[PDB]
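Here is the structure we will look at.
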Amino acid sequence: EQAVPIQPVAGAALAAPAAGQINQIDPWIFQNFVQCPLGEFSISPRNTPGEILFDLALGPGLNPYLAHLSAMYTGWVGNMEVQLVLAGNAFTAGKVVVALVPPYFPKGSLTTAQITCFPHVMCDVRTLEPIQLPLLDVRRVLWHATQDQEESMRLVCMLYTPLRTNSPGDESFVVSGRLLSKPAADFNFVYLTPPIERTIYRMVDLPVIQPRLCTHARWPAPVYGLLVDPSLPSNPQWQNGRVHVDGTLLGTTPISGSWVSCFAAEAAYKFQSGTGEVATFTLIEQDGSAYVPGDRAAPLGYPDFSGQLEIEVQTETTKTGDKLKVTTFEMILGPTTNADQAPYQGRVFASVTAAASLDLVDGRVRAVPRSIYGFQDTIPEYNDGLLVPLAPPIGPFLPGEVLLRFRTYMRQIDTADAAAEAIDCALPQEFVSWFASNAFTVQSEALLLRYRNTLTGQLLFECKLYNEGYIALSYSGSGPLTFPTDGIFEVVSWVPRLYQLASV
Amino acid sequence: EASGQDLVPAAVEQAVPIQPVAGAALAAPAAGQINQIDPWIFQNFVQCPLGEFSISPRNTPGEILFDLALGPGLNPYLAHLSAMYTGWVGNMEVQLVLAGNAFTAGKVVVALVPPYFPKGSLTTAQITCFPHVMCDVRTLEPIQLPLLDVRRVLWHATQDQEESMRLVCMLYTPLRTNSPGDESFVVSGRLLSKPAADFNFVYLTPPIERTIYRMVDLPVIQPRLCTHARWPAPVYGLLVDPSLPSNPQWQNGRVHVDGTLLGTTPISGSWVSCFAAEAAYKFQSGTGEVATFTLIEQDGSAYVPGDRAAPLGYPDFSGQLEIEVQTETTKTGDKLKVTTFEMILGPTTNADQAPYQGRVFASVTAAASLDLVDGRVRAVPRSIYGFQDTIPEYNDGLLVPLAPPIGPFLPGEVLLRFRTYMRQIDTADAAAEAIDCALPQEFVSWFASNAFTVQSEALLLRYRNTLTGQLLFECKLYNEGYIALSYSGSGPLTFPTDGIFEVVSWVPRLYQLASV
Amino acid sequence: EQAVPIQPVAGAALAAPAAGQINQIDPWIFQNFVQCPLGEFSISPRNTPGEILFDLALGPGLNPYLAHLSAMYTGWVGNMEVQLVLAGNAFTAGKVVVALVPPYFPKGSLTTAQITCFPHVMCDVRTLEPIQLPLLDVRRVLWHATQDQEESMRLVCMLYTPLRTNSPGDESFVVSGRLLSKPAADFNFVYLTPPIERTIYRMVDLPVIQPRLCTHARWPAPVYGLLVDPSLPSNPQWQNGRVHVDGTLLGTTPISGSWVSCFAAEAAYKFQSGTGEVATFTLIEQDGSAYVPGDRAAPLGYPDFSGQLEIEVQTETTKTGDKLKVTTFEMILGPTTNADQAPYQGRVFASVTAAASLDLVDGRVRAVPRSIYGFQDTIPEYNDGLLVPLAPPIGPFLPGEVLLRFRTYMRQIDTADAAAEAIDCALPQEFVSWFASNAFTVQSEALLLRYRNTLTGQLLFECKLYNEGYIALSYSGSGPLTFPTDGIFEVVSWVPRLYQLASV
């Protein structure tokens with residue numbers, strides 16, 4: 027079992043002379059195995075020998091009585107002790123090798139002859155009892171610090187020889203394994219410190235608000251139902267409602283919910299003998315800060331849907347009696363083969379259809395949208411006709427996963443179309459202003475969300491939140507399925523991006 | 015010993031990290047009475063009320079299999095002694111019999127969750143942080159494990175109030191089979207339990223009748239003799255059928271297990287599919303006699319619009335039905351007489367048919383004026399013309415609060431219908447159509463007048479044909495007053511009507527039944 | 027010092043037999059006094075003998091290495107040990123009495139003869155060293171539970187005999203005292219438990235977003251600067267942006283930022299020979315749920331400012347060619363002595379000025395505001411002319427405190443007024459949807475917020491957040507002072523509502 031060629035490794039006896047205190051641990055933790063939820067795997071007869079089933083590093087993050095207990099202390103030092111349970115019956119065969127890679131090693135792919143040159147154990151897939159093995163602490167600094175993800179001895183588990191079993195017509199016999207881990211005898215924490223809450227060990231908890239009240243992210247109107255639709259484009263590149271879980275703001279996403287689909291600018295009204303009173307807005311961020319052409323395709327809040335929309339603008343008219351007045355304008359977003367709408371440069375041309383020379387006055391303006399016309403869920407012309415640095419399309423989903431929608435409805439002028447087709451975003455704004463206001467640290471690749479009804483308590487599905495800012499949902503239907511809009515999202519854990527959900 | 019040992023025989027109580035806990039030695043000086051429980055209960059294990067569970071390959075990881083809380087409701091004895099005494103203490107020992115076929119895999123974890131822990135999710139990440147035990151679903155022997163009593167007051171009361179050390183397990187890594195043909199072995203479990211060294215009750219009170227641990231008693235009468243709850247007619251055969259709509263919302267014969275009525279279920283067997291009303295007879299030169307019935311409860315009490323969508327016992331189907339009425343007409347020489355009226359349910363393009371508001375209508379094709387004086391009367395049906403087993407217009411066409419549809423079923427579970435036939439007046443064919451309830455009227459009048467206490471989610475039933483003495487099927491009974499049965503065929507399947515539904519044990523929703 | 031008539035009190039030796047585990051504590055906590063920040067006070071020559079200077083209960087909340095350490099355990103049991111430091115020099119005089127009130131006692135006022143009938147110490151205001159005294163645990167249940175604020179032995183400190191000192195012209199010599207408290211020898215925690223984060227010990231942390239980006243709460247437009255104004259009404263009763271710190275939603279506040287100032291309804295358009303096309307909206311909550319006259323003065327999101335405003339409505343016109351179209355309407359909010367605007371009942375009458383009988387069609391509508399006219403920061407007519415259950419006015423501020431504003435600007439039609447006067451709210455919506463999405467537990471009366479610049483780091487002021495949902499700021503100026511709008515709010519601690527800030 028635990029017979030690997032490694033000398034014993036000292037901790038909390040090598041970093042005591044140079045650490046103020048040496049704090050201890052509630053001794054009922056040294057007697058209880060706990061699982062780090064990225065320590066699960068499932069071999070299957072169709073897995074080529076060489077895959078990496080679990081690869082996890084030593085730390086206080088492997089044991090949620092330590093990921094939490096490490097908010098009061100400055101540094102940790104010492105060993106751990108792990109064990110692996112393989113759930114196979116006596117009609118299977120095929121080995122599995124666990125290797126203790128040292129803490130300075132070019133990460134990447136280890137072919138099945140490079141995982142065994144390490145110190146390692148080999149164990150079959152017919153072992154009842156757990157395969158205990160130690161996780162020593164090979165370091166070079168005396169004691170690590172808790173707010174600093176620095177390198178430490180890692181475990182890597184590789185499928186050494188493929189699984190060979192029978193299997194019924196359902197569902198093909200995965201051999202599932204799990205890993206558990208408890209502090210060794212001399213894992214001590216170092217310096218006591220007032221407990222700061224935003225330490226980097228925090229499951230990303232989502233706001234407890236029903237998706238029926240949250241403010242939408244692409245059109246200023248509340249959410250009116252969430253659904254899945256495998257028929258619609260499965261890889262859109264909307265430019266709003268785009269926030270990574272770790273805080274960053276992809277695209278043109280604004281931190282408010284009121285900046286959406288509306289821009290501020292310096293207006294330039296002038297009369298023409300044709301359409302009448304045209305306007306050439308020089309853009310600006312709504313809060314007032316000047317605008318410069320940067321990496322995002324437009325000022326924060328510009329729309330990301332092609333089609334004609336009217337804007338509502340206050341115009342300090344210099345007529346007699348009609349001093350201040352809110353009037354509607356007319357702006358075209360799509361390419362349309364003739365339009366100098368260059369937001370990337372900071373120039374948007376919006377006109378009207380008026381015959382009089384009504385003498386407006388220039389000045390600061392913020393233009394709220396009034397109604398779309400000929401809506402098209404595709405990119406407007408952010409440049410004249412050139413390219414522009416924009417956010418990459420949402421994705422990529424595993425085979426058998428579809429994007430989750432958050433559908434709102436919008437005003438729409440038409441003549442014969444009566445059904446109010448309208449837009450949808452990836453996350454409601456109450457999630458954007460929540461992931462950018464916490465700066466959660468991101469553990470691996472995707473959270474295992476769960477949409478529970480608030481009163482009945484029964485689940486509805488298990489959506490997987492990809493930290494690149496979207497929510498994939500396992501699905502196989504043909505038509506758009508609609509879900510209730512009065513539940514609550516709640517997290518469960520992190521999970522490897524190769525995770526397979528429960529079909530709905 | 016068995017043959018052989020390609021299984022894994024965990025016979026040892028695994029070491030749980032939790033100190034011993036004092037039982038009835040902290041309640042001896044504060045319960046002014048000596049008490050002991052028969053020393054032959056401490057000797058043999060015995061199945062709990064909630065005893066059974068199933069680990070089917072469809073159960074994902076994280077589905078709580080059996081979440082049973084320490085208390086007197088964990089033996090058939092300790093739950094039948096605990097109707098005399100008022101309060102308990104002390105530990106307990108629970109077995110766990112899961113001995114799946116030698117061609118299975120997958121592991122479960124049992125975690126002694128302490129008191130005062132928020133019930134609810136308990137996901138698979140925080141089931142190992144408690145003092146737990148991991149055991150394989152192939153284990154041969156029974157796996158003993160303790161259930162201590164962590165508390166802050168001396169002795170709990172024997173009303174469900176208190177909070178005690180639950181013992182919840184969780185399908186840790188899923189059950190997957192290995193045999194080379196078209197079958198996955200659902201491993202069935204059992205749960206035996208006995209009071210520990212110093213379990214004990216405290217104060218001796220009268221064995222009240224409507225106590226809290228009455229298991230359940232279903233009435234021992236054949237479905238052949240019971241009465242239907244949607245038409246005044248006997249039951250003529252029970253059956254399962256996937257062809258018919260498997261999620262109806264019948265507003266009759268709909269009672270919870272603990273007696274709470276739902277919708278418009280009467281308590282009589284005669285109040286069914288009928289109504290009392292203040293009549294208003296008039297005549298006009300078209301069809302003839304017209305009766306504007308103002309609804310009223312069948313017993314005489316006045317009707318009021320409430321949450322239920324009609325007066326108690328109003329018919330909840332759609333179609334034309336005839337009606338018998340005892341009327342006292344003014345015509346000399348023939349004063350008292352029973353006559354037949356006609357009433358059409360559902361949309362009619364002339365519909366002030368508001369059984370919810372309290373007004374319905376009837377029309378008799380009378381030539382002259384049937385001089386009938388208005389008067390309170392009940393109206394029992396006699397025949398249906400255009401039968402449609404759907405909700406009629408309880409308002410004119412508007413929305414009305416009513417009972418939720420019968421559900422939800424597991425994948426592969428069909429509603430078990432108690433079926434009767436009603437008199438039919440039609441013209442073409444001669445096959446009297448069929449209506450069907452979920453529980454015969456005796457079951458409703460029984461649950462409504464007993465008020466049991468439902469334990470977890472469902473009662474696993476059976477069906478013992480008393481003539482020969484063999485079982486017929488293993489049907490599960492949800493708490494919402496419907497009997498789901500596992501079934502896979504396409505055409506209907508009818509059962510004999512001599513069986514005696516007998517409760518077997520409590521059971522969660524996820525219990526995968528035995529297919530038929 | 028610590029010579030009071032109380033028997034010793036057992037803990038963790040009386041609740042061990044009936045507690046699964048008995049967990050211990052990092053033994054470097056038993057050797058370090060810590061302060062519970064509601065344990066500060068300042069006697070002053072103008073304090074009548076009898077005031078209660080500090081009144082604090084035993085618990086794990088008195089020692090932030092326990093308020094945090096009590097998220098992993100189920101129950102605590104045992105003693106504590108407190109000490110009080112009085113900072114007076116040898117020219118003062120006047121006693122102070124500390125009393126150990128037992129844990130079942132009608133709270134209220136204790137006159138200075140009822141605070142000494144308890145067990146108590148008396149100590150002068152000329153004592154150098156700390157006045158140590160024990161905080162035993164008089165209970166009746168074996169061990170308390172950590173998620174349950176139950177009663178326990180309290181300390182009460184009363185000014186027994188007034189202070190008598192000289193004092194210069196500035197600033198009148200307050201004798202300040204502080205309290206510190208550490209676990210006794212046998213304060214043990216009971217049952218280990220996965221650490222749930224939302225335990226009831228959590229300083230209410232405010233979103234880290236500059237007030238220049240947050241969405242306003244009374245008019246759908248971003249915040250354009252925050253200021254103090256002692257001249258404006260100092261006790262307004264706005265009906266939006268009103269959320270208690272402990273989660274509840276006072277008034278008509280909506281949980282979105284898009285529901286603001288806009289209502290949804292079932293429209294009833296009909297033509298008249300006068301104004302033309304009038305409309306009688308029967309209100310509804312925007313998400314779709316039906317509306318019933320309740321305790322709040324209007325459906326969630328209705329405006330709370332008197333004056334005429336136009337609304338923008340999509341109207342499925344049954345003409346030929348013009349099927350769908352967004353048109354402007356006209357609605358009056360103020361009393362105006364003739365208006366059947368009864369939101370409380372669910373009926374709002376909005377008209378237009380059109381001569382044609384344009385044949386609209388009824389249906390669901392949501393009415394976004396377009397422009398105000400004759401704005402008045404006073405209540406509209408929520409009933410016909412009667413009263414209505416509404417939120418109480420903001421307050422009450424201590425003498426020398428003024429309400430903080432969050433000023434936004436709004437569209438406005440006029441003829442001669444050019445300066446765009448506009449509305450302000452008490453908290454931006456990113457705070458409302460943040461205090462209602464956490465349900466923080468509230469400790470005493472007010473948080474000590476602090477508005478720090480994000481880069482320079484230097485403070486700007488110390489605003490005090492009253493949990494009734496507002497932010498008071500100590501001020502003495504005459505005119506409206508304006509603050510920078512690019513800082514960050516950050517909490518410091520709880521604080522007694524009698525706290526005196528730093529004047530700005």
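Listed in order, the protein sequences are those of chains C, B and C'. A prime marks a further copy of an entry chain. Counting from 27, one number per residue, gives the positions in the first sequence under the deposited numbering. Counting from 15, one number per residue, gives the positions in the second sequence under the deposited numbering. Counting from 27, one number per residue, gives the positions in the third sequence under the deposited numbering. Ideal Cβ placement from N, Cα and C applies to all residues, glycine included.
Would you mind giving the Cβ-Cβ distance between residue i and residue j, rounded to the nearest angstrom? I have them listed as a contact below 8 Å.
i: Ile141 of chain C'; j: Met179 of chain C'; result: So it is not a contact: roughly 15 Å between Cβ atoms.
i: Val30 of chain C; j: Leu159 of chain C; result: 7 Å
i: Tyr477 of chain B; j: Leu486 of chain B; result: 4 Å
Less than 8 Å between the C-beta atoms of residue i and residue j, yes or no?
i: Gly411 of chain B; j: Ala365 of chain B; result: yes
i: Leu112 of chain B; j: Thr153 of chain B; result: yes
i: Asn214 of chain C'; j: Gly104 of chain C'; result: yes
i: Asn49 of chain C'; j: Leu218 of chain C'; result: yes
i: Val271 of chain B; j: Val394 of chain B; result: no
i: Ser504 of chain C'; j: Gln402 of chain C'; result: no
i: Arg238 of chain C'; j: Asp52 of chain C'; result: no
With a threshold of 8 Å on Cβ separation, who are the neighbours of residue i within its own chain once the five nearest residues in sequence on each side are excluded?
i: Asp81 of chain C; result: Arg180, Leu181, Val182, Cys183
i: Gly389 of chain B; result: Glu292, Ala293, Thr341, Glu342
i: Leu79 of chain C; result: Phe67, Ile69, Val122, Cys183, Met184, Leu185, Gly203
i: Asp440 of chain C; result: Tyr399
I'd like the list of long-range same chain contacts for residue i, defined as Cβ closer than 7 Å, with 5 residues on each side in sequence excluded.
i: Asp174 of chain B; result: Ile226
i: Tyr328 of chain C; result: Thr278, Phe289, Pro369
i: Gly114 of chain C; result: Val151, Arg152, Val201
Determine whether the Cβ of residue i lies closer than 8 Å to any Cβ atom of chain D.
i: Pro128 of chain B; result: The chain labelled as chain D is not found among the protein chains of the depicted structure, namely C, B and C'.
Under a Cβ-count criterion, where at least 16 other Cβ atoms within 10 Å of its own Cβ denotes burial, should residue i be classed as buried or exposed?
i: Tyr501 of chain C; result: buried
i: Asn261 of chain C; result: exposed
i: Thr480 of chain B; result: exposed
i: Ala462 of chain C'; result: buried
i: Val352 of chain B; result: exposed
i: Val428 of chain C'; result: buried
i: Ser17 of chain B; result: exposed
i: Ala442 of chain B; result: exposed
i: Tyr130 of chain C; result: exposed
i: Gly65 of chain C; result: buried
Among the residues of its own chain, which have a CB less than 6 Å from the CB of residue i, if the five just before and after it don't count?
i: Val521 of chain C'; result: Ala472, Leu474
i: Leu507 of chain C; result: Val254
i: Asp150 of chain C'; result: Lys121
If you measure from the CB of residue i, is any heavy atom of the ligand NAD nearer than 7 Å?
i: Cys183 of chain C'; result: With respect to small molecules bound, the structure shown includes none, and the ligand NAD cannot be examined in it.
### Task
Just list the beta strand (DSSP E) runs in the region 92 to 126 of chain C, keeping only unbroken ones of 3 residues or longer that don't cross its boundaries, in chain order.
106 to 112
### Message
Ignoring anything shorter than 3 residues, give me the beta strand (DSSP E) runs that lie fully in the region 163 to 217 of chain C, in order along the chain.
### Response
180 to 184, 201 to 209
### Task
Run through the region 247 to 324 of chain B for me and flag every whole alpha helix (DSSP H) of 4 or more residues, listed as ranges in chain order.
none
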